[PDB]
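Below is the file target_29.pdb, which contains PDB, C-alpha atoms.
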ATOM      1  CA  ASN E   1     104.981  80.364  94.464
ATOM      2  CA  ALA E   2     103.313  82.621  91.866
ATOM      3  CA  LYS E   3     100.078  84.332  92.971
ATOM      4  CA  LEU E   4      97.290  86.119  91.085
ATOM      5  CA  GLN E   5      94.739  88.443  92.654
ATOM      6  CA  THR E   6      92.298  90.648  90.755
ATOM      7  CA  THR E   7      90.329  93.872  91.182
ATOM      8  CA  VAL E   8      87.293  94.694  89.033
ATOM      9  CA  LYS E   9      86.501  98.339  88.245
ATOM     10  CA  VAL E  10      83.120  99.369  86.831
ATOM     11  CA  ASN E  11      83.052 102.947  85.525
ATOM     12  CA  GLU E  12      84.934 104.583  88.408
ATOM     13  CA  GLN E  13      83.678 102.224  91.143
ATOM     14  CA  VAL E  14      86.276  99.726  92.406
ATOM     15  CA  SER E  15      85.531  96.416  94.134
ATOM     16  CA  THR E  16      87.569  95.525  97.230
ATOM     17  CA  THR E  17      88.032  92.329  99.245
ATOM     18  CA  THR E  18      85.417  93.567 101.767
ATOM     19  CA  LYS E  19      82.988  95.292  99.349
ATOM     20  CA  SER E  20      81.815  94.489  95.816
ATOM     21  CA  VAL E  21      80.761  97.555  93.808
ATOM     22  CA  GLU E  22      77.027  98.169  93.533
ATOM     23  CA  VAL E  23      76.505  99.554  90.035
ATOM     24  CA  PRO E  24      73.294 101.259  88.769
ATOM     25  CA  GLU E  25      71.977  99.222  85.842
ATOM     26  CA  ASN E  26      72.835 100.510  82.390
ATOM     27  CA  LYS E  27      72.031  97.791  79.863
ATOM     28  CA  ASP E  28      73.404 100.024  77.084
ATOM     29  CA  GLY E  29      76.846  99.676  78.683
ATOM     30  CA  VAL E  30      79.058  99.902  81.748
ATOM     31  CA  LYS E  31      82.845 100.139  81.380
ATOM     32  CA  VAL E  32      84.589  97.142  82.945
ATOM     33  CA  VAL E  33      88.304  96.890  83.641
ATOM     34  CA  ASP E  34      89.921  94.054  85.590
ATOM     35  CA  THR E  35      93.330  94.628  87.180
ATOM     36  CA  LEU E  36      95.503  91.504  87.517
ATOM     37  CA  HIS E  37      97.819  91.741  90.527
ATOM     38  CA  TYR E  38     100.571  89.208  89.833
ATOM     39  CA  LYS E  39     103.622  88.037  91.765
ATOM     40  CA  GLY E  40     106.290  85.436  90.993
ATOM     41  CA  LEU E  41     106.369  85.781  87.188
ATOM     42  CA  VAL E  42     109.530  85.878  85.048
ATOM     43  CA  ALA E  43     110.858  89.370  84.279
ATOM     44  CA  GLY E  44     110.342  90.578  80.704
ATOM     45  CA  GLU E  45     108.411  87.501  79.558
ATOM     46  CA  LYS E  46     105.154  87.814  77.618
ATOM     47  CA  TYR E  47     101.978  86.244  79.047
ATOM     48  CA  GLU E  48      98.623  85.521  77.387
ATOM     49  CA  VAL E  49      95.608  86.530  79.464
ATOM     50  CA  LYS E  50      92.017  85.372  79.050
ATOM     51  CA  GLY E  51      89.436  87.157  81.197
ATOM     52  CA  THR E  52      85.828  86.044  81.491
ATOM     53  CA  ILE E  53      82.768  87.658  83.066
ATOM     54  CA  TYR E  54      80.163  85.209  84.356
ATOM     55  CA  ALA E  55      76.755  85.679  85.899
ATOM     56  CA  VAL E  56      77.170  84.106  89.318
ATOM     57  CA  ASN E  57      74.516  82.760  91.697
ATOM     58  CA  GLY E  58      76.313  81.435  94.799
ATOM     59  CA  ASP E  59      79.222  79.169  93.820
ATOM     60  CA  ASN E  60      77.377  78.282  90.586
ATOM     61  CA  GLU E  61      78.475  80.329  87.561
ATOM     62  CA  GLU E  62      75.724  80.790  84.964
ATOM     63  CA  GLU E  63      76.241  82.096  81.405
ATOM     64  CA  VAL E  64      79.419  83.774  80.216
ATOM     65  CA  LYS E  65      78.607  87.425  79.502
ATOM     66  CA  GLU E  66      81.933  88.643  78.098
ATOM     67  CA  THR E  67      85.425  87.456  77.124
ATOM     68  CA  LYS E  68      88.639  89.403  76.546
ATOM     69  CA  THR E  69      92.138  88.214  75.662
ATOM     70  CA  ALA E  70      95.383  90.191  75.757
ATOM     71  CA  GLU E  71      99.177  89.859  75.857
ATOM     72  CA  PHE E  72     101.093  91.555  78.681
ATOM     73  CA  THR E  73     104.729  91.728  79.801
ATOM     74  CA  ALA E  74     105.814  90.886  83.351
ATOM     75  CA  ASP E  75     107.426  93.751  85.282
ATOM     76  CA  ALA E  76     111.177  93.750  85.959
ATOM     77  CA  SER E  77     110.494  92.616  89.550
ATOM     78  CA  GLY E  78     108.129  89.814  88.453
ATOM     79  CA  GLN E  79     105.265  91.460  90.364
ATOM     80  CA  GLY E  80     102.872  94.263  89.414
ATOM     81  CA  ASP E  81      99.563  95.078  87.716
ATOM     82  CA  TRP E  82      97.986  94.528  84.312
ATOM     83  CA  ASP E  83      94.730  96.180  83.238
ATOM     84  CA  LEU E  84      92.443  94.062  81.079
ATOM     85  CA  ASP E  85      89.859  96.346  79.495
ATOM     86  CA  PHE E  86      86.565  94.632  78.660
ATOM     87  CA  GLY E  87      85.245  97.944  77.272
ATOM     88  CA  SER E  88      81.513  98.682  77.428
ATOM     89  CA  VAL E  89      79.692  95.587  78.695
ATOM     90  CA  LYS E  90      76.004  95.312  77.791
ATOM     91  CA  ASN E  91      72.976  93.768  79.479
ATOM     92  CA  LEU E  92      74.255  93.397  83.030
ATOM     93  CA  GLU E  93      70.896  93.073  84.773
ATOM     94  CA  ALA E  94      69.795  94.672  88.058
ATOM     95  CA  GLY E  95      69.487  92.104  90.858
ATOM     96  CA  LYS E  96      72.301  89.923  89.447
ATOM     97  CA  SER E  97      75.973  89.596  90.336
ATOM     98  CA  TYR E  98      78.843  89.096  87.900
ATOM     99  CA  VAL E  99      82.362  87.795  88.588
ATOM    100  CA  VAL E 100      85.582  88.167  86.603
ATOM    101  CA  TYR E 101      87.780  85.087  86.117
ATOM    102  CA  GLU E 102      91.375  85.303  84.877
ATOM    103  CA  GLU E 103      93.630  82.762  83.164
ATOM    104  CA  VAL E 104      97.323  83.561  82.621
ATOM    105  CA  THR E 105      99.782  81.518  80.534
ATOM    106  CA  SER E 106     103.345  82.363  79.465
ATOM    107  CA  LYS E 107     103.975  82.654  75.735
ATOM    108  CA  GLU E 108     107.172  80.588  76.219
ATOM    109  CA  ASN E 109     108.006  77.398  78.126
ATOM    110  CA  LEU E 110     109.474  78.578  81.438
ATOM    111  CA  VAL E 111     109.050  75.684  83.887
ATOM    112  CA  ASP E 112     111.243  72.579  84.122
ATOM    113  CA  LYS E 113     108.384  70.349  85.235
ATOM    114  CA  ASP E 114     110.102  67.147  84.025
ATOM    115  CA  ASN E 115     113.278  67.892  86.045
ATOM    116  CA  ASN E 116     115.490  67.486  82.952
ATOM    117  CA  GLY E 117     117.232  70.894  83.104
ATOM    118  CA  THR E 118     115.129  72.260  80.218
ATOM    119  CA  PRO E 119     111.951  74.443  80.324
ATOM    120  CA  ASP E 120     109.218  72.098  79.086
ATOM    121  CA  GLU E 121     106.023  73.648  80.509
ATOM    122  CA  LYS E 122     104.378  77.073  80.450
ATOM    123  CA  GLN E 123     104.045  79.025  83.688
ATOM    124  CA  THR E 124     100.316  79.221  84.413
ATOM    125  CA  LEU E 125      98.325  81.282  86.906
ATOM    126  CA  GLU E 126      94.607  81.551  87.476
ATOM    127  CA  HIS E 127      92.102  83.314  89.682
ATOM    128  CA  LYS E 128      88.682  81.684  89.362
ATOM    129  CA  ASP E 129      87.066  82.504  92.695
ATOM    130  CA  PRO E 130      83.250  82.936  92.543
ATOM    131  CA  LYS E 131      83.271  84.304  96.119
ATOM    132  CA  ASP E 132      86.074  86.894  95.671
ATOM    133  CA  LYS E 133      84.296  90.220  96.283
ATOM    134  CA  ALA E 134      87.170  92.137  94.653
ATOM    135  CA  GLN E 135      86.248  90.453  91.338
ATOM    136  CA  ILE E 136      82.466  90.844  91.728
ATOM    137  CA  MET E 137      80.062  93.584  90.662
ATOM    138  CA  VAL E 138      76.465  93.766  91.907
ATOM    139  CA  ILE E 139      73.975  95.465  89.576
ATOM    140  CA  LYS E 140      71.241  97.547  91.230
ATOM    141  CA  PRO E 141      68.296  99.604  89.808
TER     142      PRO E 141
END
Written as structure tokens, how would this file's structure read?
Amino acid sequence: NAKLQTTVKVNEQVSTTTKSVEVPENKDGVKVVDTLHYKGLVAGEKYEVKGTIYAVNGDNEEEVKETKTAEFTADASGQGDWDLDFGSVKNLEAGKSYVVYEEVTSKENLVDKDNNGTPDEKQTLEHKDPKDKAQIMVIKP
């Protein structure tokens, strides 16, 4: 029911579903922000987010380059955007591609998974797509 899509922004360049940003190499730092587009969350609840940047060659993810955790609050309508700011990310190398993965977990138990009338499980979302262009940056010279 709940869905998570993501959009990576590098400096002012924004990846889309049809076009990953091609970013001129700057090993001293490029600013990376990932927007989480969520739907189907519980209004006003806190959620813990863990974002990861991986070097990606095909479907195979290589090393983790960067990690960032944060706590957000779900919009009143249970759908909206969160910005996870990785800050200045170093040593993204020309000729390589990097993908952002997101993991979302409610602070509180919200799901009655055991069908006992009581929330007993956290609501969990994830977007870990190595082929999602919207979450990919390509570094160029």
Closest-contact table, range 72-139 of chain E side, partner range 4-24 of chain E, 9 Å, counting all atoms listed in the file, as a tab-separated table:
residue	atom	partner	partner_atom	distance
E:94	CA	E:24	CA	7.5
E:99	CA	E:8	CA	8.5
E:100	CA	E:8	CA	7.2
E:101	CA	E:6	CA	8.5
E:102	CA	E:6	CA	8.0
E:104	CA	E:4	CA	8.8
E:125	CA	E:4	CA	6.5
E:126	CA	E:4	CA	6.4
E:127	CA	E:4	CA	6.1
E:132	CA	E:17	CA	6.8
E:133	CA	E:20	CA	5.0
E:134	CA	E:16	CA	4.3
E:135	CA	E:8	CA	4.9
E:136	CA	E:20	CA	5.5
E:137	CA	E:21	CA	5.1
E:138	CA	E:22	CA	4.7
E:139	CA	E:23	CA	4.8
With distances taken over all atoms listed in the file, which residue among E:96, E:27, E:131, E:90 lies nearest residue 55 in chain E? E:96
Care to translate the PyMOL selection byres ((chain E and resi 109) around 9) into actual residues of this file, as an MDAnalysis selection string? chainID E and resid 106:108 110:112 119:123
Just say which residues the PyMOL selection byres ((chain E and resi 67) around 12) picks in this file, as number ranges by chain. E: 32-34, 49-54, 63-66, 68-70, 84-89, 99-103
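Closest to residue 47 in chain E among E:124, E:118, E:77, E:26 is E:124, based on only C-alpha atoms.
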Distance CA of residue 93 in chain E-CA of residue 60 in chain E, one decimal place? 17.2 Å
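The two atoms in question, CA of residue 71 in chain E and CA of residue 128 in chain E, are spaced 19.0 Å apart.
Interatomic distance, CA of residue 113 in chain E against CA of residue 40 in chain E: 16.3 Å.
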Please report, as JSON, the centre and edge lengths in Å to one decimal of an axis-aligned box covering all listed atoms of range 120-131 of chain E with 5 Å per side.
{"center_x": 96.2, "center_y": 78.2, "center_z": 87.6, "size_x": 36.0, "size_y": 22.2, "size_z": 27.0}
Given all atoms listed in the file as the counted atoms, nearest of E:2, E:140, E:30, E:38 to residue 83 in chain E: E:38
If we count only C-alpha atoms, what is near residue 81 in chain E at a cut-off of 9 Å, once residues fewer than 5 positions away on the same chain are taken out, given as an MDAnalysis selection string? chainID E and resid 35:38 74:75
Give me a file of those residues, with C-alpha atoms, as a PDB file, in the frame of the given file.
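Printed below is selection.pdb as written:
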ATOM      1  CA  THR E  35      93.330  94.628  87.180  1.00  0.00           C
ATOM      2  CA  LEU E  36      95.503  91.504  87.517  1.00  0.00           C
ATOM      3  CA  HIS E  37      97.819  91.741  90.527  1.00  0.00           C
ATOM      4  CA  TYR E  38     100.571  89.208  89.833  1.00  0.00           C
ATOM      5  CA  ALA E  74     105.814  90.886  83.351  1.00  0.00           C
ATOM      6  CA  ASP E  75     107.426  93.751  85.282  1.00  0.00           C
TER       7      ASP E  75
END
